[PDB]
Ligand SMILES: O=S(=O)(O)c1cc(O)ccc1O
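First, one chain by itself: the form solved without ligand DBX, in structure tokens.
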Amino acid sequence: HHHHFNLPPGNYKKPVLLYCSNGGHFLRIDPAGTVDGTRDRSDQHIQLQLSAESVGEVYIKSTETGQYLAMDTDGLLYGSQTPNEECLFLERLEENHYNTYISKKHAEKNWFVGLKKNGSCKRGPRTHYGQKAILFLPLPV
């Protein structure tokens, strides 16, 4: 393990919005496979369903399009039509409160899912422990 194992409470029984407190955006997976954040809670591409592959390891899927959130070899988030190794994330508790998602494939490099204040996704190498961009709260739909 390259990381701690403090896990968040709550389960995967229902779909959630992944809210980034950094700029106040909900994680959005566009039908074209594009990923970013939006502040519009009426958007139909921010509803996500998480599922556990192993304890603490999850897939994050758009309920609207069925796409899986994934992080590519250069650190960019994208929507994948099929589940692959780039779609698994280590879900952890952070600052005793928030949920963070580390790319399993690139866990040794500490590449996180994160949104900037302007709503754009952060590239894996630009993320790290301590940033506000990596902190999410799973709000009920």
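Residue numbers run from 1 along the displayed sequence.
Below, we turn to the form deposited with ligand DBX bound, even though it does not appear here.
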Would 28, 39 and 42 all count as contacting ligand DBX in the entry with it bound, using a 4.5 Å heavy atom cut-off?
-> no
Taking the shortest heavy atom distance, is residue 14 within 4.5 Å of ligand DBX in the entry with it bound?
-> no
Taking 4.5 angstroms as the cut-off for heavy atoms, does residue 133 touch ligand DBX in the entry with it bound?
-> yes
